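To be precise, the following lines are data-v2.txt, and they hold compact mmCIF, C-alpha atoms and all ligand atoms.
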# COMPACT_ATOMS: atom_id res chain seq x y z
CA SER A 20 -20.22 47.55 -13.13
CA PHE A 21 -21.71 51.00 -12.67
CA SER A 22 -22.37 53.48 -15.49
CA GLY A 23 -23.32 56.97 -14.38
CA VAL A 24 -22.65 60.03 -12.29
CA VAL A 25 -23.15 60.54 -8.59
CA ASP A 26 -25.12 63.76 -8.14
CA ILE A 27 -22.77 66.72 -7.87
CA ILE A 28 -23.09 69.69 -5.51
CA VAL A 29 -21.52 73.09 -6.24
CA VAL A 30 -21.66 76.13 -3.97
CA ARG A 31 -21.16 79.75 -4.94
CA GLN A 32 -18.95 81.55 -2.40
CA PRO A 33 -19.55 85.14 -1.30
CA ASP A 34 -16.43 86.20 -3.26
CA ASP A 35 -18.26 84.68 -6.30
CA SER A 36 -15.86 81.70 -6.65
CA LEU A 37 -17.24 78.16 -6.89
CA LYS A 38 -16.45 75.07 -4.83
CA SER A 39 -17.78 71.62 -5.48
CA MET A 40 -17.92 68.21 -3.93
CA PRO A 41 -15.89 65.52 -5.75
CA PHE A 42 -17.04 64.34 -9.13
CA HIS A 43 -17.67 60.57 -9.17
CA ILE A 44 -18.35 59.41 -12.71
CA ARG A 45 -17.85 55.99 -14.28
CA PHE A 46 -18.12 54.68 -17.83
CA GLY A 47 -19.37 51.10 -17.55
CA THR A 48 -19.12 50.23 -21.22
CA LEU A 49 -15.47 51.24 -21.56
CA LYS A 50 -13.15 48.32 -20.90
CA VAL A 51 -9.80 48.44 -22.70
CA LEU A 52 -8.50 51.79 -21.49
CA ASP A 53 -4.96 51.00 -22.72
CA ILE A 57 -9.72 58.53 -24.01
CA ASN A 58 -10.77 62.15 -23.46
CA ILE A 59 -13.99 63.12 -21.64
CA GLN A 60 -15.94 66.21 -22.70
CA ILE A 61 -18.82 67.87 -20.82
CA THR A 62 -22.18 69.41 -21.72
CA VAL A 63 -24.29 71.31 -19.17
CA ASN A 64 -27.97 72.00 -19.90
CA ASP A 65 -27.40 70.74 -23.44
CA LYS A 66 -24.56 73.21 -24.17
CA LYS A 67 -21.07 71.86 -24.85
CA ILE A 68 -18.52 73.36 -22.45
CA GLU A 69 -15.38 74.50 -24.23
CA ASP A 70 -11.86 74.20 -22.79
CA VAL A 71 -12.85 71.65 -20.14
CA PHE A 72 -11.90 67.99 -20.18
CA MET A 73 -11.46 65.01 -17.89
CA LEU A 74 -9.23 61.97 -18.23
CA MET A 75 -9.82 58.35 -17.22
CA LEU A 76 -7.87 55.88 -15.08
CA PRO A 77 -7.52 52.19 -16.02
CA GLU A 78 -10.20 51.24 -13.46
CA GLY A 79 -12.64 53.69 -15.15
CA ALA A 80 -12.77 56.61 -12.68
CA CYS A 81 -12.43 60.04 -14.30
CA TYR A 82 -10.52 63.06 -13.09
CA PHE A 83 -9.59 66.64 -13.83
CA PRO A 84 -5.87 66.98 -14.67
CA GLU A 85 -4.29 69.82 -12.69
CA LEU A 86 -0.65 70.84 -12.54
CA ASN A 87 1.03 71.12 -9.16
CA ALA A 88 3.86 73.52 -8.31
CA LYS A 89 6.39 70.88 -9.40
CA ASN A 90 4.76 70.84 -12.86
CA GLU A 91 3.47 67.29 -12.37
CA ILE A 92 -0.07 66.32 -13.35
CA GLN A 93 -2.29 65.81 -10.31
CA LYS A 94 -5.51 63.81 -10.63
CA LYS A 95 -8.30 65.85 -9.03
CA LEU A 96 -11.88 64.86 -8.40
CA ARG A 97 -12.76 68.46 -7.49
CA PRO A 98 -12.34 70.93 -10.38
CA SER A 99 -11.04 74.45 -9.91
CA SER A 100 -13.39 77.39 -9.59
CA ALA A 101 -12.37 78.68 -13.04
CA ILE A 102 -13.44 75.36 -14.63
CA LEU A 103 -16.71 75.33 -12.72
CA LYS A 104 -17.51 78.90 -13.82
CA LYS A 105 -17.32 77.70 -17.43
CA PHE A 106 -20.28 75.40 -16.76
CA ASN A 107 -22.63 78.44 -16.64
CA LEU A 108 -24.64 76.65 -13.98
CA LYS A 109 -28.11 77.85 -12.96
CA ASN A 110 -29.24 77.87 -9.34
CA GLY A 111 -30.68 74.48 -8.46
CA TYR A 112 -30.79 71.45 -10.72
CA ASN A 113 -28.75 71.35 -13.93
CA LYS A 114 -28.37 68.58 -16.50
CA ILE A 115 -24.81 67.37 -17.05
CA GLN A 116 -23.54 64.91 -19.66
CA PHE A 117 -20.07 63.37 -19.89
CA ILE A 118 -18.92 62.09 -23.28
CA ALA A 119 -15.97 59.67 -23.42
CA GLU A 120 -14.35 59.44 -26.84
CA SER A 121 -12.30 56.27 -27.51
CA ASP A 122 -10.70 55.22 -30.78
CA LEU A 123 -11.67 51.57 -30.09
CA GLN A 124 -15.14 51.87 -28.57
CA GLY A 125 -16.27 55.18 -30.10
CA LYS A 126 -18.26 57.84 -28.23
CA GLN A 127 -19.93 56.89 -24.93
CA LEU A 128 -22.31 59.11 -23.04
CA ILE A 129 -23.48 59.24 -19.40
CA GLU A 130 -25.93 61.67 -17.92
CA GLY A 131 -26.34 63.01 -14.39
CA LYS A 132 -27.33 65.89 -12.17
CA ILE A 133 -25.36 68.84 -10.90
CA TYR A 134 -26.82 71.24 -8.31
CA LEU A 135 -25.77 74.83 -7.67
CA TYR A 136 -26.44 76.30 -4.22
CA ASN A 137 -25.60 79.70 -2.75
CA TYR A 138 -23.43 80.19 0.32
CA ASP A 139 -26.58 80.96 2.42
CA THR A 140 -28.62 78.00 1.23
CA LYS A 141 -29.88 75.79 4.05
CA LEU A 142 -29.84 72.01 3.57
CA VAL A 143 -31.94 69.34 5.26
CA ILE A 144 -30.32 65.89 5.16
CA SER A 145 -32.29 62.67 4.96
CA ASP A 146 -30.89 59.19 5.18
CA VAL A 147 -32.66 56.84 2.85
CA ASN A 148 -32.67 53.29 4.17
CA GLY A 149 -34.78 53.00 7.34
CA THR A 150 -35.55 56.74 7.26
CA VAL A 151 -37.44 56.89 3.96
CA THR A 152 -37.79 53.14 3.63
CA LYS A 153 -39.29 51.29 6.59
CA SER A 154 -36.46 48.77 7.08
CA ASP A 155 -32.68 49.16 7.23
CA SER A 161 -29.35 42.68 -3.57
CA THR A 162 -32.59 41.27 -5.06
CA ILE A 163 -34.98 44.24 -5.36
CA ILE A 164 -38.00 45.37 -7.36
CA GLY A 165 -38.34 48.93 -6.09
CA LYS A 166 -41.37 48.04 -3.93
CA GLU A 167 -39.67 48.80 -0.62
CA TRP A 168 -42.25 50.11 1.82
CA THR A 169 -42.01 53.80 2.69
CA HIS A 170 -42.82 55.35 6.07
CA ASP A 171 -46.19 57.12 5.90
CA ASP A 172 -46.41 60.87 5.36
CA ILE A 173 -42.74 61.48 4.59
CA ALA A 174 -43.39 62.89 1.10
CA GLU A 175 -45.83 65.52 2.37
CA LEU A 176 -43.43 66.55 5.14
CA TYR A 177 -40.41 66.88 2.88
CA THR A 178 -42.49 68.67 0.24
CA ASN A 179 -43.46 71.27 2.83
CA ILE A 180 -39.87 71.66 4.09
CA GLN A 181 -38.75 72.37 0.50
CA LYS A 182 -41.64 74.81 0.03
CA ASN A 183 -40.26 76.82 2.99
CA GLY A 184 -36.96 77.38 1.18
CA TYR A 185 -34.82 74.51 2.48
CA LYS A 186 -33.19 72.01 0.12
CA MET A 187 -33.57 68.27 0.72
CA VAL A 188 -30.34 66.35 0.33
CA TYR A 189 -30.54 62.55 0.47
CA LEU A 190 -27.77 60.27 1.80
CA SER A 191 -27.32 56.65 0.70
CA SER A 192 -24.94 54.05 2.09
CA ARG A 193 -25.81 51.39 -0.47
CA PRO A 194 -23.14 50.03 -2.84
CA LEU A 195 -22.72 52.11 -5.98
CA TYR A 196 -24.44 49.33 -7.94
CA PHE A 197 -27.72 50.47 -6.35
CA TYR A 198 -27.25 54.21 -6.90
CA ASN A 199 -29.50 54.50 -9.98
CA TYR A 200 -32.07 52.23 -8.34
CA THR A 201 -32.17 54.54 -5.32
CA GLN A 202 -32.79 57.56 -7.54
CA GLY A 203 -35.65 55.78 -9.31
CA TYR A 204 -37.12 54.61 -6.02
CA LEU A 205 -37.22 58.14 -4.56
CA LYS A 206 -38.67 59.78 -7.66
CA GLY A 207 -41.45 57.14 -7.88
CA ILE A 208 -42.79 57.54 -4.34
CA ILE A 209 -46.32 58.98 -4.34
CA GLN A 210 -48.20 59.35 -1.03
CA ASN A 211 -51.66 60.97 -1.10
CA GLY A 212 -50.61 62.85 -4.21
CA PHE A 213 -47.36 64.07 -2.63
CA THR A 214 -43.94 63.20 -4.02
CA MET A 215 -40.44 63.39 -2.73
CA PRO A 216 -38.76 66.77 -3.54
CA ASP A 217 -36.01 66.52 -6.09
CA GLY A 218 -32.56 66.82 -4.59
CA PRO A 219 -29.10 65.35 -4.76
CA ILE A 220 -28.37 61.90 -3.48
CA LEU A 221 -24.93 61.76 -1.86
CA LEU A 222 -23.08 58.50 -1.60
CA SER A 223 -20.85 57.44 1.26
CA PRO A 224 -17.23 57.51 -0.01
CA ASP A 225 -16.62 53.93 1.25
CA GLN A 226 -18.89 52.76 -1.60
CA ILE A 227 -16.85 54.62 -4.26
CA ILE A 228 -13.53 52.80 -4.00
CA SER A 229 -10.66 54.05 -6.18
CA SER A 230 -7.14 55.49 -6.07
CA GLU A 242 -17.17 57.34 10.32
CA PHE A 243 -17.87 57.48 6.59
CA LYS A 244 -21.24 59.23 6.89
CA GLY A 245 -19.66 61.75 9.26
CA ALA A 246 -16.82 62.41 6.84
CA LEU A 247 -19.23 62.87 3.91
CA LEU A 248 -21.31 65.45 5.78
CA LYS A 249 -18.21 67.33 6.95
CA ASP A 250 -17.06 67.41 3.34
CA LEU A 251 -20.45 68.82 2.35
CA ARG A 252 -20.36 71.38 5.19
CA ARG A 253 -16.91 72.46 4.05
CA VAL A 254 -17.95 73.48 0.51
CA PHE A 255 -19.77 76.28 2.32
CA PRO A 256 -17.90 79.08 4.11
CA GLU A 257 -16.96 78.65 7.74
CA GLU A 258 -19.03 81.58 9.00
CA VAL A 259 -22.41 80.05 8.02
CA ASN A 260 -23.98 76.78 9.18
CA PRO A 261 -25.43 75.27 6.03
CA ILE A 262 -26.89 72.00 7.35
CA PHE A 263 -30.03 73.02 9.20
CA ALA A 264 -31.53 69.64 10.11
CA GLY A 265 -31.20 65.92 9.53
CA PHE A 266 -33.44 62.83 9.44
CA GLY A 267 -31.98 59.45 10.36
CA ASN A 268 -32.87 56.13 11.94
CA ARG A 269 -29.75 55.14 13.95
CA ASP A 270 -27.83 56.81 16.79
CA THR A 271 -24.80 56.94 14.51
CA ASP A 272 -26.84 59.16 12.15
CA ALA A 273 -27.25 61.65 15.00
CA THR A 274 -23.51 61.75 15.70
CA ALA A 275 -22.71 62.35 12.04
CA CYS A 276 -25.11 65.31 11.93
CA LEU A 277 -23.80 66.83 15.17
CA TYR A 278 -20.18 66.82 14.02
CA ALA A 279 -21.23 68.47 10.75
CA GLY A 280 -22.91 71.43 12.41
CA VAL A 281 -26.54 70.39 13.00
CA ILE A 282 -27.95 71.43 16.39
CA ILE A 283 -29.30 68.54 18.47
CA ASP A 284 -32.78 70.20 18.43
CA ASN A 285 -32.96 69.60 14.67
CA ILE A 286 -31.99 65.91 14.52
CA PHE A 287 -34.90 63.51 13.98
CA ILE A 288 -34.44 59.77 14.46
CA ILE A 289 -37.19 57.36 13.32
CA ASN A 290 -37.62 53.71 14.36
CA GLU A 291 -39.17 50.78 12.50
CA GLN A 292 -42.55 51.61 14.11
CA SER A 293 -42.34 55.06 12.41
CA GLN A 294 -41.98 56.76 15.81
CA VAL A 295 -39.77 59.83 15.34
CA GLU A 296 -37.65 61.00 18.28
CA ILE A 297 -36.78 64.71 18.15
CA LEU A 298 -33.48 64.39 19.95
CA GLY A 299 -33.19 67.92 21.35
CA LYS A 300 -36.62 68.04 22.99
CA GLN A 301 -36.52 64.29 23.77
CA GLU A 302 -39.98 64.22 22.22
CA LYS A 303 -41.69 61.27 20.52
CA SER A 304 -43.44 62.28 17.30
CA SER A 305 -44.08 61.20 13.69
CA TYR A 306 -43.70 62.60 10.23
CA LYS A 307 -47.40 63.51 10.34
CA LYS A 308 -47.10 65.50 13.57
CA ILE A 309 -43.81 67.13 12.54
CA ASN A 310 -45.59 68.27 9.41
CA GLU A 311 -48.38 69.79 11.54
CA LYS A 312 -45.68 71.87 13.29
CA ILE A 313 -43.68 72.72 10.13
CA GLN A 314 -43.70 76.50 10.62
CA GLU A 315 -42.36 75.97 14.14
CA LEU A 316 -39.63 73.46 13.27
CA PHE A 317 -38.77 74.50 9.68
CA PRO A 318 -39.60 78.23 9.64
CA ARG A 319 -39.97 79.79 6.21
CA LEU A 320 -36.76 81.32 4.92
CA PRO A 321 -36.87 84.78 3.29
MG MG A 401 -30.58 54.32 7.74
Using the file provided, produce a representation of the structure as structure tokens.
Amino acid sequence: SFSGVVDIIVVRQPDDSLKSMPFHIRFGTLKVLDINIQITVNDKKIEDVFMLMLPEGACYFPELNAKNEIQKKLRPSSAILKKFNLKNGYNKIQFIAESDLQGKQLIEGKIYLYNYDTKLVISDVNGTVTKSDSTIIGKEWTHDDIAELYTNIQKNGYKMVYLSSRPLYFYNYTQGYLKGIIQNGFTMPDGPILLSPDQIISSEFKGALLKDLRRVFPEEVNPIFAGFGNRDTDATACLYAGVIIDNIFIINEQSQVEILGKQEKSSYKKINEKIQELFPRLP
């Protein structure tokens, strides 16, 4: 079973509060739950914050409801998040489970802070980064020129956000795969990898995930600027999360990219040649 943390996204609101996507963390070692979880951010222990763990291993933030019952939240309150002292962009986060039977267990992940006016560019992974869409060696072929293109998008002030639909067992493999791609010296820009909630079982999926992401930003901005996919269902998911059809790019197994709005056939190489037109520099 999985041991780790699905990358976490946090957005600062214009009233200075913080909203986050759900925290999905799992301790694989821990077995006999019949346990308190502490947090460190950028190598600084966070005081007065703790999570608890369910029998199946998923962790939560305990939060009282108005009936004075403990509710099990995956999304912490803004006051808790403020205690993280997050920096804009990438932050290191560690969760430490203390058990009297199994001792201290540690997992490490990634937590990103964006502002309310940050613009995101979504990329599917399988078939969109990889060429084709359980036995693996990380040698999946990658469409040509995607690293240079995404590098240049990031350089213009957008943030790449990756989307995986693979079972949670592959989550760490997907992170390693993306960070090892090198193409003509170019690499894939660091960013969070979101995971479809169907793959995180506990107690239309891509569309729900992106609407969740859109909704940690305020309603009066459109935070998802563009999206890269390889199936018609990818396009639908982006449209219902606020992407304009002109900014949805759908690639096939021949690495032909259709720019849906202009009904134009292109490629990552050509899109890169037109980067200032299609991904204009943000101030
Ligand atoms: Mg795909």
Exercise answer, 7 Å around ligand MG 401 (chain A) with only C-alpha atoms and all ligand atoms, as an MDAnalysis selection string: chainID A and resid 146:150 155 267:269
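Comparing the minimum interatomic distances between residue 180 in chain A and each of A:88, A:298, A:309, A:49, counting only C-alpha atoms, we find that A:309 sits nearest.
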Range 263-275 of chain A: axis-aligned bounding box, 5 Å on each side, centre and edge lengths in Å, one decimal, as lines of an AutoDock Vina configuration file:
center_x = -28.1
center_y = 64.1
center_z = 13.0
size_x = 20.7
size_y = 27.9
size_z = 17.6
Residue 266 in chain A surroundings by only C-alpha atoms, 8 Å radius, close-in-sequence under 3 positions cut, as a short mmCIF file (atom, residue, chain, number, x, y, z; two decimals) with C-alpha atoms, in the coordinates of the input:
data_model
loop_
_atom_site.label_atom_id
_atom_site.label_comp_id
_atom_site.auth_asym_id
_atom_site.auth_seq_id
_atom_site.Cartn_x
_atom_site.Cartn_y
_atom_site.Cartn_z
CA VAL A 143 -31.94 69.34 5.26
CA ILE A 144 -30.32 65.89 5.16
CA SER A 145 -32.29 62.67 4.96
CA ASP A 146 -30.89 59.19 5.18
CA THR A 150 -35.55 56.74 7.26
CA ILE A 286 -31.99 65.91 14.52
CA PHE A 287 -34.90 63.51 13.98
CA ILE A 288 -34.44 59.77 14.46
CA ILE A 289 -37.19 57.36 13.32
#
Pick from A:191, A:116, A:201, A:152, whichever lies nearest to residue 248 in chain A using only C-alpha atoms: A:191
Length of the CA of residue 61 in chain A to CA of residue 219 in chain A vector [Å]: 19.2 Å
Distance query residue 27 in chain A at most 10 Å, all atoms listed in the file, self and fewer than 3 positions along chain excluded, as a list in words: residues 24, 39, 40, 41, 42, 43, 44, 112, 113, 115, 131, 132, 133, 134, 135, 219, 220 and 221 of chain A
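Across A:222, A:279, A:313, A:173, the tightest approach to residue 293 in chain A is made by A:173 when counting all atoms listed in the file.
CA of residue 138 in chain A lies 5.7 Å from CA of residue 255 in chain A.
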Best match for closeness to residue 284 in chain A among A:178, A:316, A:262, A:308, counting all atoms listed in the file: A:316
List the neighbours of residue 205 in chain A out to 10 Å using all atoms listed in the file; skip same-chain residues closer than 4 positions along the sequence, and give me the result as a PDB file with C-alpha atoms, in the coordinates of the input.
ATOM      1  CA  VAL A 147     -32.660  56.840   2.850  1.00  0.00           C
ATOM      2  CA  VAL A 151     -37.440  56.890   3.960  1.00  0.00           C
ATOM      3  CA  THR A 152     -37.790  53.140   3.630  1.00  0.00           C
ATOM      4  CA  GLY A 165     -38.340  48.930  -6.090  1.00  0.00           C
ATOM      5  CA  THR A 169     -42.010  53.800   2.690  1.00  0.00           C
ATOM      6  CA  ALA A 174     -43.390  62.890   1.100  1.00  0.00           C
ATOM      7  CA  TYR A 189     -30.540  62.550   0.470  1.00  0.00           C
ATOM      8  CA  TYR A 200     -32.070  52.230  -8.340  1.00  0.00           C
ATOM      9  CA  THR A 201     -32.170  54.540  -5.320  1.00  0.00           C
ATOM     10  CA  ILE A 209     -46.320  58.980  -4.340  1.00  0.00           C
ATOM     11  CA  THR A 214     -43.940  63.200  -4.020  1.00  0.00           C
ATOM     12  CA  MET A 215     -40.440  63.390  -2.730  1.00  0.00           C
ATOM     13  CA  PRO A 216     -38.760  66.770  -3.540  1.00  0.00           C
ATOM     14  CA  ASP A 217     -36.010  66.520  -6.090  1.00  0.00           C
ATOM     15  CA  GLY A 218     -32.560  66.820  -4.590  1.00  0.00           C
ATOM     16  CA  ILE A 220     -28.370  61.900  -3.480  1.00  0.00           C
TER      17      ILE A 220
END
Coordinates-based distance that separates CA of residue 29 in chain A from CA of residue 263 in chain A (Å, one decimal): 17.6 Å
Closest of A:272, A:91, A:296, A:171 to residue 190 in chain A - atom-to-atom distances counting all atoms listed in the file: A:272
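Ranking A:172, A:258, A:78, A:167 by their shortest atom-to-atom distance to residue 50 in chain A, with only C-alpha atoms included, puts A:78 first.
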List as a CSV table (one decimal) with C-alpha atoms, in the frame of the given file the protein and nucleic acid residues near residue 117 in chain A, meaning an atom at most 8 Å away when only C-alpha atoms are counted, but skip any in the same chain fewer than 2 places from it.
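out_18.csv was written with the following content:
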chain,number,residue,atom,x,y,z
A,59,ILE,CA,-14.0,63.1,-21.6
A,60,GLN,CA,-15.9,66.2,-22.7
A,61,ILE,CA,-18.8,67.9,-20.8
A,62,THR,CA,-22.2,69.4,-21.7
A,115,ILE,CA,-24.8,67.4,-17.0
A,119,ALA,CA,-16.0,59.7,-23.4
A,128,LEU,CA,-22.3,59.1,-23.0
A,129,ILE,CA,-23.5,59.2,-19.4
A,130,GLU,CA,-25.9,61.7,-17.9
Surrounding residues of residue 120 in chain A excluding itself and chain neighbours under 3 positions, 9 Å, only C-alpha atoms, as a CSV table (one decimal) with C-alpha atoms, in the coordinates of the input:
chain,number,residue,atom,x,y,z
A,57,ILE,CA,-9.7,58.5,-24.0
A,58,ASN,CA,-10.8,62.2,-23.5
A,59,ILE,CA,-14.0,63.1,-21.6
A,60,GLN,CA,-15.9,66.2,-22.7
A,123,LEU,CA,-11.7,51.6,-30.1
A,124,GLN,CA,-15.1,51.9,-28.6
A,125,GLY,CA,-16.3,55.2,-30.1
A,126,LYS,CA,-18.3,57.8,-28.2
A,127,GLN,CA,-19.9,56.9,-24.9
A,128,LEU,CA,-22.3,59.1,-23.0
Save range 47-146 of chain A to disk from that block, C-alpha atoms included, as a JSON list (two decimals), in the first residue's frame.
[["chain", "number", "residue", "atom", "x", "y", "z"],
["A", 47, "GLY", "CA", 2.01, 2.69, 4.65],
["A", 48, "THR", "CA", 4.06, 1.23, 7.48],
["A", 49, "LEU", "CA", 1.37, 1.72, 10.12],
["A", 50, "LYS", "CA", -0.86, -1.32, 10.42],
["A", 51, "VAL", "CA", -2.42, -1.90, 13.83],
["A", 52, "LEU", "CA", -4.20, 1.41, 14.34],
["A", 53, "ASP", "CA", -6.24, 0.02, 17.25],
["A", 57, "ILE", "CA", -1.71, 7.79, 16.90],
["A", 58, "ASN", "CA", -1.22, 11.54, 16.56],
["A", 59, "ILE", "CA", 0.21, 13.17, 13.42],
["A", 60, "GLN", "CA", 2.40, 16.28, 13.68],
["A", 61, "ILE", "CA", 3.53, 18.55, 10.83],
["A", 62, "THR", "CA", 6.74, 20.33, 9.83],
["A", 63, "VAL", "CA", 6.85, 22.85, 6.97],
["A", 64, "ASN", "CA", 10.21, 23.86, 5.46],
["A", 65, "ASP", "CA", 11.92, 22.01, 8.31],
["A", 66, "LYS", "CA", 10.11, 23.97, 11.07],
["A", 67, "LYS", "CA", 7.76, 22.12, 13.41],
["A", 68, "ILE", "CA", 4.27, 23.64, 13.36],
["A", 69, "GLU", "CA", 2.87, 24.10, 16.86],
["A", 70, "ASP", "CA", -0.80, 23.59, 17.78],
["A", 71, "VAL", "CA", -1.62, 21.63, 14.62],
["A", 72, "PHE", "CA", -2.34, 17.91, 14.50],
["A", 73, "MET", "CA", -4.08, 15.30, 12.39],
["A", 74, "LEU", "CA", -5.63, 11.99, 13.38],
["A", 75, "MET", "CA", -5.78, 8.68, 11.53],
["A", 76, "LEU", "CA", -8.61, 6.35, 10.54],
["A", 77, "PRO", "CA", -8.30, 2.53, 10.75],
["A", 78, "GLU", "CA", -7.74, 2.34, 6.97],
["A", 79, "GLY", "CA", -4.79, 4.77, 7.32],
["A", 80, "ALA", "CA", -6.20, 8.03, 5.90],
["A", 81, "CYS", "CA", -5.48, 11.10, 8.04],
["A", 82, "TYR", "CA", -7.75, 14.02, 8.83],
["A", 83, "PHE", "CA", -8.04, 17.30, 10.68],
["A", 84, "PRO", "CA", -10.48, 17.04, 13.62],
["A", 85, "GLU", "CA", -12.95, 19.94, 13.58],
["A", 86, "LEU", "CA", -15.93, 20.52, 15.84],
["A", 87, "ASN", "CA", -19.32, 21.11, 14.28],
["A", 88, "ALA", "CA", -22.09, 23.25, 15.79],
["A", 89, "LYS", "CA", -23.42, 20.18, 17.62],
["A", 90, "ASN", "CA", -20.02, 19.80, 19.33],
["A", 91, "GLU", "CA", -19.28, 16.56, 17.47],
["A", 92, "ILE", "CA", -15.88, 15.89, 15.93],
["A", 93, "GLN", "CA", -15.98, 16.13, 12.14],
["A", 94, "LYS", "CA", -13.22, 14.52, 10.06],
["A", 95, "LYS", "CA", -11.99, 17.10, 7.56],
["A", 96, "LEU", "CA", -9.54, 16.68, 4.73],
["A", 97, "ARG", "CA", -9.40, 20.45, 4.22],
["A", 98, "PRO", "CA", -7.98, 22.37, 7.20],
["A", 99, "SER", "CA", -9.31, 25.73, 8.31],
["A", 100, "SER", "CA", -7.65, 28.96, 7.24],
["A", 101, "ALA", "CA", -6.36, 29.57, 10.78],
["A", 102, "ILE", "CA", -4.53, 26.19, 10.72],
["A", 103, "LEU", "CA", -3.10, 26.86, 7.27],
["A", 104, "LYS", "CA", -1.81, 30.29, 8.36],
["A", 105, "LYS", "CA", 0.25, 28.52, 11.04],
["A", 106, "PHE", "CA", 2.19, 26.74, 8.29],
["A", 107, "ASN", "CA", 3.97, 30.03, 7.40],
["A", 108, "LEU", "CA", 3.94, 28.93, 3.78],
["A", 109, "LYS", "CA", 6.07, 30.70, 1.15],
["A", 110, "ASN", "CA", 4.76, 31.41, -2.34],
["A", 111, "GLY", "CA", 5.37, 28.40, -4.55],
["A", 112, "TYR", "CA", 6.84, 25.09, -3.46],
["A", 113, "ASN", "CA", 7.19, 24.25, 0.23],
["A", 114, "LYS", "CA", 8.46, 21.09, 1.91],
["A", 115, "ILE", "CA", 5.98, 19.38, 4.22],
["A", 116, "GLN", "CA", 6.57, 16.41, 6.52],
["A", 117, "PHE", "CA", 3.97, 14.44, 8.47],
["A", 118, "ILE", "CA", 5.13, 12.52, 11.54],
["A", 119, "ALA", "CA", 2.88, 9.75, 12.93],
["A", 120, "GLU", "CA", 3.69, 8.80, 16.51],
["A", 121, "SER", "CA", 2.48, 5.34, 17.63],
["A", 122, "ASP", "CA", 3.21, 3.61, 20.92],
["A", 123, "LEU", "CA", 3.56, 0.26, 19.08],
["A", 124, "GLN", "CA", 5.38, 1.21, 15.89],
["A", 125, "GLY", "CA", 7.21, 4.36, 17.06],
["A", 126, "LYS", "CA", 7.63, 7.50, 14.94],
["A", 127, "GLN", "CA", 6.94, 7.29, 11.19],
["A", 128, "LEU", "CA", 7.67, 10.05, 8.74],
["A", 129, "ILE", "CA", 6.38, 10.89, 5.24],
["A", 130, "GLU", "CA", 7.41, 13.79, 3.10],
["A", 131, "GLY", "CA", 5.58, 15.70, 0.37],
["A", 132, "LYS", "CA", 5.00, 18.99, -1.37],
["A", 133, "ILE", "CA", 2.66, 21.84, -0.59],
["A", 134, "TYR", "CA", 2.22, 24.77, -3.00],
["A", 135, "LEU", "CA", 0.99, 28.27, -2.16],
["A", 136, "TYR", "CA", -0.58, 30.33, -4.95],
["A", 137, "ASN", "CA", -2.16, 33.78, -4.91],
["A", 138, "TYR", "CA", -5.75, 34.47, -5.91],
["A", 139, "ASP", "CA", -4.54, 35.94, -9.27],
["A", 140, "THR", "CA", -2.18, 33.11, -10.15],
["A", 141, "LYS", "CA", -2.90, 31.53, -13.54],
["A", 142, "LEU", "CA", -2.63, 27.75, -13.89],
["A", 143, "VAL", "CA", -1.99, 25.65, -16.98],
["A", 144, "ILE", "CA", -3.20, 22.06, -16.62],
["A", 145, "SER", "CA", -1.51, 19.11, -18.28],
["A", 146, "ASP", "CA", -2.75, 15.56, -18.30]]
